[PDB]
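Inspection log for the structure reproduced underneath, given as structure tokens.
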Amino acid sequence: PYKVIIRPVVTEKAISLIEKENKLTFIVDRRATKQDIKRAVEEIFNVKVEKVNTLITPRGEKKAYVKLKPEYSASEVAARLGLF
Amino acid sequence: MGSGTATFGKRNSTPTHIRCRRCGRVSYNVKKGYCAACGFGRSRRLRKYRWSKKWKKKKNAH
Amino acid sequence: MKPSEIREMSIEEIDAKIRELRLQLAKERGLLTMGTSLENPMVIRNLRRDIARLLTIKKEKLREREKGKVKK
Amino acid sequence: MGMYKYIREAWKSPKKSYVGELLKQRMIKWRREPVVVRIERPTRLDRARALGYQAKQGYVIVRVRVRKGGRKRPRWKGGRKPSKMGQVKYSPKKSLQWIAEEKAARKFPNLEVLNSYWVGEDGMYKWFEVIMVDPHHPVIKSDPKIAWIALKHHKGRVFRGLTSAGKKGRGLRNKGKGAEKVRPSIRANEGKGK
Amino acid sequence: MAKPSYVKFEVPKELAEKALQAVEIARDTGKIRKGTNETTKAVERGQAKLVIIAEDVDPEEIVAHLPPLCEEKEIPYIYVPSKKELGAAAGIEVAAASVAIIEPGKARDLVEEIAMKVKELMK
RNA sequence: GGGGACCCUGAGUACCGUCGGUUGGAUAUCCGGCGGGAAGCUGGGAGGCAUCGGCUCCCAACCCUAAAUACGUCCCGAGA
RNA sequence: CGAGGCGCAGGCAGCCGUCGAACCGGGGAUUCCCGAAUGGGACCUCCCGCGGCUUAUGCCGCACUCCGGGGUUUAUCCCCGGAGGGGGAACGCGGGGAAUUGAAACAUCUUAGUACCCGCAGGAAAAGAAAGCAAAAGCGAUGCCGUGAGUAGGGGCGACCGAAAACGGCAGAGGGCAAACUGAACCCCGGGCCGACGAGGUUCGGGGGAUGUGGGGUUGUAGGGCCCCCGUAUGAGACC
């Protein structure tokens, strides 16, 4: 009922989270909570979220590190959005 | 206190004054819980005076 | 985008089209941050306005409907 | 003739006419009682009606206890010229009757002072009963004999003074001689009037 | 019993029931005045045979005058502990501090008795 | 409209006495405080000392009041 | 209004608009957090007790303090209704209240009820229909302006201080209680009928109300009560 996801960031750091760690990075709502980030992801990419870690940046935005279950890989999601 | 001002001054380090929840100026003294500028914490009212201070910014704004 | 096309939709269809619009907005902004290769300021500006429109049209309808019943 | 006049006149001398036993009996109860007490019902009804009293919903009477004697002036932060130095003979411009209306009005702020009267006094205190009515309830609004207070304008009347004690205190009681400097307002002449 | 100042004497409970019972017969048959002031006129006018007086009344002032006023007027008066009962006896929904029976009817023998009983209780 | 008691007709008030505040207010301002304290229109107050008489006026102690009069936030018009 | 726009802001790029934009008016949607900030505290964040609802997350409604009415072990403990607070450009009204200075010193006096401080209201306030005025003659609310008059008057009778009545004007408006005499005839809330679903009138369940709702009446008394005689609710507005 609210905008959840601001956008993907893609960087050299993003490739390290995606490849080794199986985790995806998002810029998300600046008033977030974990409970919400996990379920929202779960529905939208159609995936299983193991875990969410959050940090609110000194850029006035909040960055969310969402860990996927190693069945739903970071790489397949990553390709769809922020790459063609 | 008098001279030897350099030798003295290691406090200020500690802060007692901020951007205020109510006004936004630099005076919400964390220790008292009082804003010097606005008067928040102290009063339901905004600080305003005949001299003034508060008024002057407002007129200036107009 | 015209307000009319939006009104012809049902309330259920409006929800599903919002999710789709926002996800498209999310996807473009990721493309922009990566570095623009699309060069349309359009997509983000129009989607932002489009998203507003579906939601306003929608809230207003439910409000109308609810009032209709009460009278009748 | 009739019942009201007898009571009112009997209260006039509170020393005679069986008032004295009552005055003494109630006064122990009252010295005990807190400085502000809400009462559902009136005391000198006879006196209250003449001021304006009705018993419809939202009309209260309240006893305010106020100290005897004048003011006692604040201590100095500077120096003073010999006339201004004095502190022990200082007496207020506002009446003690007036001071009670305002006390009552601070305590209940959504209710407004119609009028007030004196319920008697001891060596340390005076009691005044203040008649308030609420100026927000439809109940008052409909009736046109008390509808005046209801208007938005009328709140805050007690401080400005428009009540009997407020008017008497202001020195608007004549329109002739001695009313040559209080016209039409005290501060229409900058504070001259009293 | 309770209520002082103008209450000189205690009316027993049995007297009070008889008085309250005469008051109900009195409204139906005869005439009655309900309320402090009417009772006041009724005594001044000379219309009233018996005035009845509630004990709990607060402030006392409303009430205070009626026993010595009544003494001059030759009207006998008798005391009721509760007001609500008195208003009720009078035939009304609310209480009354004072009521006056202005000329009874079929009560006349009872009221004359109540009147003698009170003088016999205390002059 | 006139016929009898005319309707009773506002209390700590009016007024007096003691201390201030204030005012131009003088003995003759107004307001408070402290003490005392009326009258039932068969009455009361007022006309710049007190009191008594005449004379003339007017009803305090309950309440409200448009409009004409203040301002410059705002708009417009104006400039030895 | 209507044929370009995309604020200040002339760029690059792209976009939108006759299913009529930008723009202008009126109305409506969304309107974070803090703030009188009201559930509690805070360094603009955080926690929490109920109740509604979706399977859950999600989401919706609530508990500071008066008044008005209930609920009940009447624990004064909780529920429904209405309100308060704070702000505001100056002005206004009511309270608290200086000194430098002047008097070539200075204490009374002066500054001055000024500066400054508290309470509070509105779009104007206040005052306001005489317990007035007092050229004794003549007037019939009150502001305000001119004037009276730098007059009377006050004051180390020094310095200074300082009206009003009246006049000419302006704008104009008069009304309500308490009581006498009546005494529940009454008011508030909800529902219906009758009526253009309105005004009004009627009825039905509660609450307020004799410590008196309501009717009468108000400078001056009209006999106020009770009478009479004649027009006599005849007659005719005036108001919504």
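Observations, loosely collected:
- In this entry, D:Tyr117 passes the filter for residues that are within 14 Å of chain E (Cβ to nearest Cβ), surrounded by 10 or more Cβ atoms within 10 Å (Cβ to Cβ), touching a residue at least 60 places away in the same chain (Cβ under 8 Å) and more than 7 Å from RNA strand G (Cβ to nearest atom).
- Of all positions in segment D:41-60, none carries a residue that is among the polar types (S, T, N, Q), without any contact (Cβ under 8 Å) to a residue 12 or more places away in the chain and either within 14 Å of chain E (Cβ to nearest Cβ) or under 15 Å from D:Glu121 (Cα atoms) (or both).
- The residue that is farthest from the other protein chains (Cβ to nearest Cβ), among those in segment D:15-36 that are surrounded by 15 or more Cβ atoms within 10 Å (Cβ to Cβ) and of a type outside the set (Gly, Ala, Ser), is D:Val36.
- Complete set of residues in segment D:168-194 that are near RNA strand F (Cβ under 6 Å from one of its atoms) and at positive phi: D:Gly171, D:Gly178
- Filter result (closer than 20 Å to D:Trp11 by Cβ, assigned to a loop (DSSP other than H, G, I, E, B) and away from RNA strand F (no atom under 16 Å from the Cβ)) within segment E:43-63: E:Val57, E:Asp58, E:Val63
- From the list E:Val7, E:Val51, the one residue that fits, being buried (at least 23 other Cβ atoms within 10 Å of the Cβ) and either within 14 Å of chain D (Cβ to nearest Cβ) or of a type outside the set (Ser, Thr, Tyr) (or both), is E:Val51.
- Taken over segment E:66-123, the criterion of being in a loop (DSSP other than H, G, I, E, B), of a type in the set (D, E, K, R) and at negative phi is satisfied by E:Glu93, E:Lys123.
- Candidate set from segment D:135-165 (those that are among the small types (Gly, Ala, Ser) and more than 7 Å from RNA strand G (Cβ to nearest atom)); member that is nearest to the chain's Cα centre (by Cα): D:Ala165
- The conditions of being more than 14 Å from every other protein chain (Cβ to nearest Cβ), out of contact with any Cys (no Cβ under 9 Å at 6 or more places or on another chain) and small (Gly, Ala, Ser) are met by C:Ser4.
- E:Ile32 fulfils the conditions (1) of a type outside the set (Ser, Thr, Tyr); (2) surrounded by 18 or more Cβ atoms within 10 Å (Cβ to Cβ); (3) under 29 Å from D:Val119 (Cα atoms) except for a single criterion, (3).
- All of (1) more than 6 Å from RNA strand G (Cβ to nearest atom); (2) among the charged types (D, E, K, R); (3) in contact with a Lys or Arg (Cβ under 7 Å, 6 or more places away or on another chain) hold for D:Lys89 with one exception: (3).
- Members of segment E:68-79 found to be surrounded by fewer than 18 Cβ atoms within 10 Å (Cβ to Cβ) and within 14 Å of another protein chain (Cβ to nearest Cβ), listed by number: E:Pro68, E:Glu71, E:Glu72, E:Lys73
- Test for D:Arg160: is it over 24 Å from D:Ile39 (Cβ atoms) and either within 8 Å of RNA strand F (Cβ to nearest atom) or surrounded by 15 or more Cβ atoms within 10 Å (Cβ to Cβ) (or both): no
- Of everything in segment D:87-114 that is more than 6 Å from RNA strand F (Cβ to nearest atom), in a loop (DSSP other than H, G, I, E, B) and without any contact (Cβ under 8 Å) to a residue 24 or more places away in the chain, the residue that is surrounded by the most Cβ atoms within 10 Å (Cβ to Cβ) is D:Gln87.
- Taken over segment B:30-56, residues that are more than 8 Å from RNA strand G (Cβ to nearest atom) and not in a loop (DSSP other than H, G, I, E, B) amount to 3.
- Members of segment D:22-40 found to be over 22 Å from the mean Cα position of the chain (by Cα) and within 15 Å of RNA strand F (Cβ to nearest atom), listed by number: D:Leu22, D:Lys24
- Of the residues contained in segment D:52-68, none is found to be out of contact with any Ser or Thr (no Cβ under 8 Å at 6 or more places or on another chain), away from RNA strand F (no atom under 16 Å from the Cβ), over 23 Å from D:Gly161 (Cβ atoms) and assigned to a helix (DSSP H, G or I).
- For segment C:17-42, filtered to residues that are small (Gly, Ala, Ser) and surrounded by 11 or more Cβ atoms within 10 Å (Cβ to Cβ), the residue that is farthest from the other protein chains (Cβ to nearest Cβ) is C:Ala26.
- Search result, residues across segment C:32-67 that are under 22 Å from A:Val10 (Cβ atoms) and touching a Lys or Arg at 6+ places or on another chain (Cβ under 9 Å): C:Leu32, C:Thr33, C:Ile44, C:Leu47
- Of all the residues in segment D:5-14, those that are more than 8 Å from every other protein chain (Cβ to nearest Cβ) and within 22 Å of E:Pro4 (Cβ to Cβ) number 2.
- One residue alone among A:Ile27, A:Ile37 is under 13 Å from the mean Cα position of the chain (by Cα), touching a residue at least 12 places away in the same chain (Cβ under 8 Å), away from chain C (no Cβ under 13 Å) and under 16 Å from C:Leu23 (Cβ atoms), and that residue is A:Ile37.
- Scanning segment C:45-72 for residues that are of a type in the set (A, V, I, L, M), more than 10 Å from RNA strand G (Cβ to nearest atom) and in contact (Cβ under 8 Å) with a residue 12 or more places away in the chain yields a total of 4.
- Restricting attention to segment D:172-184, the residues that are exposed (fewer than 12 other Cβ atoms within 10 Å of the Cβ) and either near RNA strand G (Cβ under 6 Å from one of its atoms) or within 14 Å of chain B (Cβ to nearest Cβ) (or both) total 6.
Every residue, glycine as well, gets a Cβ built from its backbone with ideal geometry; the counts of neighbours run over all protein chains shown. Laboratory data are not the source of any read-out in this text; all were calculated from the coordinates shown.
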